[PDB]
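Remarks on the overall topology
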Amino acid sequence: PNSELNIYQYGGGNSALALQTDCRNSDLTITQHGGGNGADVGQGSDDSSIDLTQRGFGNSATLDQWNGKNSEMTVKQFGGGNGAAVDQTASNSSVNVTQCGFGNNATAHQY
Amino acid sequence: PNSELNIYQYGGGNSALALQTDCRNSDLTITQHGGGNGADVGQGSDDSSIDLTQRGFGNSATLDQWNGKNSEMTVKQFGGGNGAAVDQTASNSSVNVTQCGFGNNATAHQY
Amino acid sequence: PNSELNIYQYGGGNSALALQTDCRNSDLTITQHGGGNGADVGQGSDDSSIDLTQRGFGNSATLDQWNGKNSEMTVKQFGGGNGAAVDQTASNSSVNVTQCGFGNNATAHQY
Amino acid sequence: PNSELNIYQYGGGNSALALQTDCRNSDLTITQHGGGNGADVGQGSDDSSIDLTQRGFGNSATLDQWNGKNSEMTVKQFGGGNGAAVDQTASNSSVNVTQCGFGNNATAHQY
Amino acid sequence: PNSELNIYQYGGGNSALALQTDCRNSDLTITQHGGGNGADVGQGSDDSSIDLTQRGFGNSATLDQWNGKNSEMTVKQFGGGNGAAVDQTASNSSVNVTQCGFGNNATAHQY
Amino acid sequence: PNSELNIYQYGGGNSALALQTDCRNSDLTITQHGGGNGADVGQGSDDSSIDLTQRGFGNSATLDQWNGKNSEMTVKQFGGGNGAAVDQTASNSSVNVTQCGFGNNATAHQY
Amino acid sequence: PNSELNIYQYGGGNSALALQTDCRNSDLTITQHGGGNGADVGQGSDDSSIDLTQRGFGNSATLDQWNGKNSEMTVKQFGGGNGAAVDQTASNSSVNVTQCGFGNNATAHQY
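Parameters at a glance
Residues numbered from 1 in each chain as written, not as in the entry; some residues may be left out. Chains lettered and ligands numbered in written order. Heavy atoms only, no water. Core = buried A, V, L, I, M, F, W, Y, C linked by side-chain atoms within 4.5 Å. Buried < 20%, exposed > 50% of the residue type's maximum accessible area, 1.4 Å probe, protein only. Contact = heavy atoms within 4.5 Å. Pairing = 2+ DSSP bridges. Helix = DSSP H or I, 4+ residues; strand = E, 2+ residues; numbered from the N terminus. Axes fitted to C-alpha atoms, helices over the stretch in contact; angles between N-to-C directions. Buried area = accessible area lost by both parts, 1.4 Å probe. Salt bridge = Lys/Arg side-chain N within 4 Å of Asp/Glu carboxyl O. Polar contact = N/O pair within 3.5 Å; in protein donor to acceptor, adjacent residues only side chain to side chain.

Looking at the entry header, you'll see cryo-EM listed as the method and 3.6 Å as the resolution.

Of all hydrophobic cores here, the largest spans 60 residues; its most connected members are A:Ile30 and E:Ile30. The residues touching A:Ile30, leaving out its near neighbours within four places in the chain, are A:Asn6, A:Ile7, A:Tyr8, A:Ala16, A:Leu17, A:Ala18, A:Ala39, A:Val41 and A:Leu52. Counting residues in each nonpolar core, the second largest holds 59 residues, with B:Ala18, B:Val86, C:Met73 and D:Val41 among its members.

With that settled, consider the sheet that holds strand 10 (residues 105-110) of chain C. The 10 strands are arranged 2(C)-4(C)-6(C)-8(C)-10(C)-2(D)-4(D)-6(D)-8(D)-10(D) in an open sheet whose pairing can be described as parallel. Among the strands making up the open sheet, the edge pair consists of strand 2 (15-20) of chain C together with strand 10 (105-110) of chain D. Across the sheet, the mean angle separating the axes of adjacent strands is 5 degrees when strand polarity is ignored. Sheet topology note: the strand 8 (residues 83-88) of chain C/strand 10 of chain C ladder contains six bridges and is parallel. In the strand pairing of strand 10 of chain C, C:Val86 is matched with C:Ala108.

Contact with chain C, which involves 20 residues of that partner, is made by 23 residues of chain D. Summed over both partners, the interface of chain C with chain D comes to about 1,600 Å²; 40% of that surface belongs to carbon and sulfur atoms. Across the contact surface, chain C and chain D share zero salt bridges. Our count for the chain C to chain D interface comes out at 15 residue pairs in polar contact.

A separate point is the arrangement of the chains. At the level of C-alpha atoms, the two units chain C and chain G stay apart, their nearest approach being 98 Å. The two units chain E and chain G never meet; even their closest C-alpha atoms stay 28 Å apart.

Our next topic: the interface of chain E and chain F. Contact with chain E, which involves 22 residues of that partner, is made by 22 residues of chain F. For the chain E face of the interface with chain F, the top three residues by lost area are E:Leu5, E:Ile7 and E:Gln9, together amounting to 25%. Counting across the interface, chain E meets chain F through zero salt bridges. The tally of links between chain E and chain F comes to eight residue pairs in polar contact. Counting residues per element, the ones that place at least two in the side of chain E that touches chain F are strand 1 (4-12) and strand 2 (15-20) of chain E.

The next subject is the sheet that holds strand 1 (residues 4-12) of chain C. The strand order across the open sheet built from 10 strands is 1(C)-3(C)-5(C)-7(C)-9(C)-1(D)-3(D)-5(D)-7(D)-9(D), with neighbouring strands paired in parallel fashion. Pairing within the sheet leaves two strands with one partner each, and these edge strands are strand 1 of chain C together with strand 9 (94-102) of chain D. When the angles between neighbouring strand axes are averaged without regard to direction, this sheet yields 0 degrees. By the bridge criterion, nine bridges tie strand 3 (residues 27-35) of chain C to strand 5 (residues 49-57) of chain C in an arrangement that is parallel. Counted as the bridge partner of C:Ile30 is C:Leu52 from strand 5 of chain C.

Residues and elements named next belong to chain D. Checked against the element boundaries, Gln88 lands in strand 8 (residues 83-88). The exposure class of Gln88 is buried, given its relative accessible area of 2%. C-alpha separation for the pair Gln88 and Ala18, spaced 70 residues apart in sequence, amounts to 15 Å. The contacts of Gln88, once residues within four sequence positions are left out, are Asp64, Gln65, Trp66, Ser71, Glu72, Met73, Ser93, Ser94, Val95 and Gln110. Within the structure, the side chain of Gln88 is placed 3.4 Å from the side chain of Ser71, a separation counted as a polar contact. Looking at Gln88, its side chain comes within polar contact range of the side chain of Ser93, at 2.9 Å.

Structural data, given as structure tokens:
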């Protein structure tokens, strides 16, 4: 099972927690640009992907992709203080969240 | 097999376009409070729900839920100039967008 | 059972209440142009259609189509302060109200 | 039962009340031009028609068709202050009232 | 069982503690350029590799790769005061941490 | 094969090169205190130990423990500018070099 | 074969060259105190020992122990400019050279 977890941080004060378990041929990528961005990502889904990109300051993301197969996550937060929380369990399914600006809130649930 | 689509406007200058076709056992609800809020919503998903509530001024929402089953979409825009675009094709899934404040932008795509 | 309920509002201060239940293969359409127009429309009839058009200011319509089949109801209110009250329960039946001008009152019941 | 109720009002201050019940394959039509004309028309007869035409001001009409079949009732009031009172219950029968000018009163009963 | 642990230190004030136990056909490499960089690396995984490179000043790294097989760790800290903490126990898995700038904190967990 | 290679540096300008290959059940330790100390150490010997201690400034040590078994090398350099060059291939043998002061040169070979 | 070769140097500028080959259960020890002392020692004799002690300045020693068994070699040079050259090959034999003062020269051969 070729499973890859990548964390790239540029700037200062960004924090990332990542978990990949029982997750075969799947990719989890976190890329944070700027400052004070927080990420918490769990992936336990086969042939699945999670891409998290935060660019700016004070953005928060909590992502959970569990039990699914052939499933995709994209989260892109541009700006300041945006909040994202997503759970994805559906198979052959995809979730996309894109927040631009200040103070955005998004919660997504796919079963 | 009951299908309901509802529009409520309170205030002035709010505009709503709604479409429900091939959409069985499904509810689409559109409620705007205030002024200048714009909504364009399409629902063709069985056993599915759309709820958009706009409260404030200049909020814009474009919602599309097609080919899904047992799917729920909720968009709530509080304040001014919030923008939301939501696409929903997954079955047994939920999208929730909650925008608070001014100038918020959110696009959610869930397949 | 393609059931569609459409409300289009252009201008300011228009209010529409629409209800569609137990209503198969049926369309309800409300179109408001101008200002201060009030609409209350309920439809529970199979293979039926409601068409309410209000163009002007201060027009009010109360429209109820219940327990009929293959029934068409149309109200067209042009101008100011027109009042229409229409109840339709007869099957395979049509009601048509046309008001032009100011201060008109029209009552129609079809059983 | 293709039953149609039509109200056309042009001008200002005209009032029309129309009732259609148990009235199959039948037409009720009211046409008011001008101002202050009053109409009260009841229709409960199968395959039968009412045509009321009031053109002018201050004309009053009280019209009832009940329990008839294949019955035609036409009232035409041109001008000002004309009063008409017509009751029709006979089947396969026709009532025609024509008033032109000012202050005419006409009463017709057909059983 | 060819097990190699290499440490290269250039400059001054860099300190590194490295432990390799029960770790067959596996490579652990530490390379520090500059000053005041701290490293603590434990490797007990078969056919696994850990590569740590710190370039700059005041960077801190804590890396634990345990019980895995065919597992890769890459940690690269460029700049000042970066902190990294990574634990990997998953087999056939890869963790990559890259920090650029000042004051980054990165945590990686892979089981 | 529990094989551990540790280098501790306290102070500034110290440089340490260490390689451990084909070396089962063996420890290589380098400890540098002060400034500008240079060490290069290779270990390929089974059940062997390397202890290099440099305390001061400008000390240089070149240590090669190859093809031996049950072999110990200890080199201790206190002060400034000491040079030691030691090669050890003999099995069940021990080499001990102690330099105190300034400008010492010592060469040790054991086959 | 427990074979030990130890060189202890205290002071400055001391130089020692030491060779132990084919020499089982044997000890070779050099102790130099002071400055400029030179030692060159080869040991290839079984169950035998070499002890060289130089205390002072400018002392020189060339010691060769070969093909003997159960042999002991001791040279003690105290002071300045002392010279010692010793070859031992005899079995069950001991050579002892003691030089005190300045400018002493001693040659020992035992076959």
